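The file my_file.txt comes next; it holds compact mmCIF, C-alpha atoms.
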# COMPACT_ATOMS: atom_id res chain seq x y z
CA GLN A 1 28.44 0.38 20.82
CA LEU A 2 26.28 -2.25 19.10
CA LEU A 3 27.04 -5.95 19.54
CA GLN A 4 25.59 -8.78 17.47
CA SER A 5 24.97 -12.51 17.82
CA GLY A 6 23.17 -15.40 16.17
CA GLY A 7 25.11 -16.09 12.98
CA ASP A 8 25.37 -19.64 11.69
CA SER A 9 25.38 -21.84 8.60
CA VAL A 10 21.99 -23.44 7.89
CA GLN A 11 20.22 -25.36 5.15
CA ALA A 12 17.80 -23.69 2.75
CA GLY A 13 14.33 -23.46 4.25
CA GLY A 14 15.76 -23.07 7.76
CA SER A 15 15.54 -20.30 10.33
CA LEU A 16 17.94 -18.12 12.30
CA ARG A 17 17.52 -15.23 14.72
CA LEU A 18 20.06 -12.41 14.85
CA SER A 19 20.38 -10.14 17.88
CA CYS A 20 21.41 -6.49 17.89
CA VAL A 21 22.24 -5.52 21.49
CA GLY A 22 22.92 -1.85 22.16
CA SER A 23 25.12 -0.23 24.79
CA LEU A 24 22.93 2.84 24.30
CA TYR A 25 20.01 4.61 25.93
CA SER A 26 16.87 3.23 24.29
CA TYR A 27 15.19 6.61 24.72
CA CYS A 28 17.80 8.07 22.37
CA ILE A 29 16.96 5.69 19.52
CA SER A 30 14.74 6.82 16.66
CA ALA A 31 15.00 3.54 14.72
CA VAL A 32 17.08 0.37 14.38
CA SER A 33 17.67 -1.29 11.04
CA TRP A 34 19.30 -4.35 9.55
CA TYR A 35 21.45 -4.36 6.41
CA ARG A 36 23.45 -7.04 4.68
CA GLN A 37 26.40 -7.13 2.34
CA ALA A 38 27.59 -10.10 0.30
CA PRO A 39 31.06 -10.21 -1.29
CA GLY A 40 31.10 -8.63 -4.73
CA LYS A 41 27.88 -6.72 -4.00
CA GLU A 42 26.87 -3.38 -2.51
CA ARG A 43 25.13 -3.19 0.85
CA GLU A 44 21.39 -3.99 0.86
CA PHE A 45 18.66 -2.73 3.14
CA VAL A 46 16.88 -5.57 4.96
CA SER A 47 14.54 -4.24 7.67
CA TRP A 48 13.73 -1.26 9.89
CA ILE A 49 11.83 -0.75 13.15
CA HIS A 50 10.90 2.62 14.60
CA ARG A 51 10.79 3.69 18.24
CA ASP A 52 6.99 3.46 17.99
CA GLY A 53 6.95 -0.09 16.57
CA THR A 54 6.36 0.65 12.87
CA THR A 55 8.29 -1.77 10.66
CA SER A 56 9.48 -1.75 7.06
CA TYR A 57 11.05 -4.47 4.93
CA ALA A 58 13.02 -4.75 1.73
CA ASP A 59 11.10 -6.41 -1.10
CA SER A 60 13.51 -9.37 -0.85
CA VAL A 61 12.34 -10.26 2.67
CA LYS A 62 8.85 -8.74 3.01
CA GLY A 63 6.55 -11.27 4.66
CA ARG A 64 9.48 -13.68 5.10
CA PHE A 65 11.67 -12.10 7.80
CA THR A 66 10.32 -10.36 10.91
CA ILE A 67 11.99 -7.54 12.83
CA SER A 68 11.05 -7.06 16.49
CA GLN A 69 12.40 -5.20 19.51
CA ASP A 70 12.53 -5.47 23.30
CA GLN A 71 13.71 -2.03 24.43
CA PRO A 72 14.09 -2.97 28.15
CA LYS A 73 16.57 -5.60 26.91
CA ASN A 74 18.22 -3.04 24.58
CA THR A 75 17.73 -5.66 21.85
CA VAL A 76 16.39 -5.75 18.30
CA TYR A 77 15.98 -9.14 16.60
CA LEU A 78 16.10 -10.08 12.94
CA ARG A 79 13.95 -13.22 12.74
CA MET A 80 15.13 -14.89 9.53
CA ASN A 81 12.68 -17.55 8.39
CA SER A 82 12.29 -19.41 5.09
CA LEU A 83 15.97 -18.88 4.34
CA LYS A 84 17.41 -19.38 0.88
CA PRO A 85 20.99 -19.34 -0.47
CA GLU A 86 20.53 -15.77 -1.74
CA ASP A 87 20.29 -14.66 1.92
CA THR A 88 23.95 -15.56 2.51
CA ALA A 89 25.73 -12.38 3.60
CA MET A 90 27.29 -10.41 6.42
CA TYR A 91 24.43 -8.80 8.36
CA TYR A 92 24.86 -5.43 10.09
CA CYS A 93 22.65 -3.56 12.48
CA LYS A 94 22.39 0.21 12.68
CA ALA A 95 20.92 2.25 15.53
CA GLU A 96 20.07 5.89 14.80
CA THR A 97 19.91 8.33 17.70
CA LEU A 98 18.60 11.90 17.78
CA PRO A 99 19.43 14.69 20.23
CA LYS A 100 15.80 15.75 20.70
CA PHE A 101 15.24 12.69 22.87
CA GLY A 102 17.55 13.61 25.73
CA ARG A 103 20.64 15.47 26.89
CA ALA A 104 22.97 12.49 26.39
CA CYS A 105 21.57 11.71 22.94
CA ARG A 106 23.72 12.56 19.94
CA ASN A 107 22.87 12.87 16.27
CA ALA A 108 24.66 9.67 15.35
CA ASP A 109 24.48 6.34 13.59
CA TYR A 110 25.92 3.40 15.52
CA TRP A 111 26.84 0.17 13.75
CA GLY A 112 27.57 -3.39 14.74
CA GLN A 113 30.57 -5.19 13.29
CA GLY A 114 28.80 -7.84 11.23
CA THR A 115 27.32 -11.32 11.67
CA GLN A 116 27.86 -13.98 9.00
CA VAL A 117 24.85 -15.95 7.78
CA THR A 118 25.44 -18.79 5.32
CA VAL A 119 22.56 -20.66 3.68
CA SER A 120 23.42 -23.76 1.66
CA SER A 121 21.08 -25.54 -0.74

Starting from the coordinates I provided, produce the structure as C-alpha cells.
Amino acid sequence: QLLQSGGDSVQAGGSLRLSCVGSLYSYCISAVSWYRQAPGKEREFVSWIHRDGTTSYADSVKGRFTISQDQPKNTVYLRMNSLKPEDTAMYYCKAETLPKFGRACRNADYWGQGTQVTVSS
C-alpha cells in the first residue's frame, strides 16, 4: 500500500512537496515514479527515481521539479517548485517491485490514491 500527502492550493510561482510513503520493503523496489492526471486529459509521466538514485523527468518539469528518496523512511518526495497553473492535477505515485530482490518481493506495481494540487494564477 502506498499513501500520499502534501496536496494544497497555491499561487503560481509557489512550491509544494508531495510525499509517497510505502508500506513495502524498500529492498523490493526497483523504482518509484510520479504521474499526474488532469480532468479531460490522459495521465502524464512526471518523474522517476531508481533504486540506485538515477532520476528522470518529463520535459514539462525537467530542471523545475526534483524527485528524491529516503529509503529508511520508505518515502519518495516530489519537490514541486516554480509551479504554474498548468501543473494543476491529481498526482499519483507508483512503486514497482521485482521478485529478484527477495522472497517476499512480487512482480507488481503499487499505486497511491491521488493527491490534488491546484495552482492559481

Subject >> Ref. answer, residues at most 10 Å from (26.7, 4.8, 11.9) with only C-alpha atoms, as number ranges by chain >> reply: A: 93-97, 107-112

Original post:
Which residue gives the smallest distance to residue 60 of chain A among A:41, A:100, A:84, A:5, with all atoms listed in the file counted?
Top reply: A:84

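Comparing the minimum interatomic distances between residue 1 of chain A and each of A:48, A:53, A:67, A:113, counting only C-alpha atoms, we find that A:113 sits nearest.
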
In file coordinates, which residues lie within 9 Å of (20.8, -9.8, 11.8) using only C-alpha atoms, given as a tab-separated table (two decimals) with C-alpha atoms, keeping the file's coordinate frame?
chain	number	residue	atom	x	y	z
A	4	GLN	CA	25.59	-8.78	17.47
A	5	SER	CA	24.97	-12.51	17.82
A	6	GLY	CA	23.17	-15.40	16.17
A	7	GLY	CA	25.11	-16.09	12.98
A	16	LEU	CA	17.94	-18.12	12.30
A	17	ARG	CA	17.52	-15.23	14.72
A	18	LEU	CA	20.06	-12.41	14.85
A	19	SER	CA	20.38	-10.14	17.88
A	20	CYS	CA	21.41	-6.49	17.89
A	34	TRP	CA	19.30	-4.35	9.55
A	35	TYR	CA	21.45	-4.36	6.41
A	36	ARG	CA	23.45	-7.04	4.68
A	46	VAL	CA	16.88	-5.57	4.96
A	76	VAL	CA	16.39	-5.75	18.30
A	77	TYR	CA	15.98	-9.14	16.60
A	78	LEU	CA	16.10	-10.08	12.94
A	79	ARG	CA	13.95	-13.22	12.74
A	80	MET	CA	15.13	-14.89	9.53
A	90	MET	CA	27.29	-10.41	6.42
A	91	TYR	CA	24.43	-8.80	8.36
A	92	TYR	CA	24.86	-5.43	10.09
A	93	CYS	CA	22.65	-3.56	12.48
A	114	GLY	CA	28.80	-7.84	11.23
A	115	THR	CA	27.32	-11.32	11.67
A	116	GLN	CA	27.86	-13.98	9.00
A	117	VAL	CA	24.85	-15.95	7.78

Original post:
Out of A:39, A:102, A:13, A:22, which residue has the shortest atom-to-atom distance to residue 64 of chain A when counting only C-alpha atoms?
Top reply: A:13

Original post:
To one decimal place, how far is atom CA of residue 71 of chain A from atom CA of residue 26 of chain A in Å?
Top reply: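 Rounded to one decimal, the two atoms are 6.1 Å apart.
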
**OP:** Could you check how far atom CA of residue 47 of chain A sits from atom CA of residue 85 of chain A, in Å to one decimal?
**Re:**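 Atom-to-atom, atom CA of residue 47 of chain A to atom CA of residue 85 of chain A, that is 18.3 Å.
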
Original post:
Quick one: distance from atom CA of residue 42 of chain A to atom CA of residue 21 of chain A in Å, one decimal?
Top reply: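 The value is 24.5 Å.
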
Original post:
Quick one: of A:82, A:98, A:59, A:104, who's nearest to residue 12 of chain A, counting only C-alpha atoms?
Top reply: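 With only C-alpha atoms as the atom set, the closest residue is A:82.
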
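Among the candidate residues A:15, A:23, A:88, A:2, the one lying nearest to residue 65 of chain A is A:15, with distances computed using all atoms listed in the file.
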
Subject >> Residues within 6 Å of residue 11 of chain A, all atoms listed in the file, excluding chain neighbours under 4 positions, as a ChimeraX atom specification >> reply: /A:119-121

Let me see the file: selected residues, C-alpha atoms, as a compact mmCIF listing (two decimals), in the coordinates of the input.
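Written out: selection08.txt:
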# COMPACT_ATOMS: atom_id res chain seq x y z
CA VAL A 119 22.56 -20.66 3.68
CA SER A 120 23.42 -23.76 1.66
CA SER A 121 21.08 -25.54 -0.74

Subject >> Nearest residue to residue 69 of chain A from the set A:86, A:38, A:106, A:29 (distances using all atoms listed in the file) >> reply: A:29
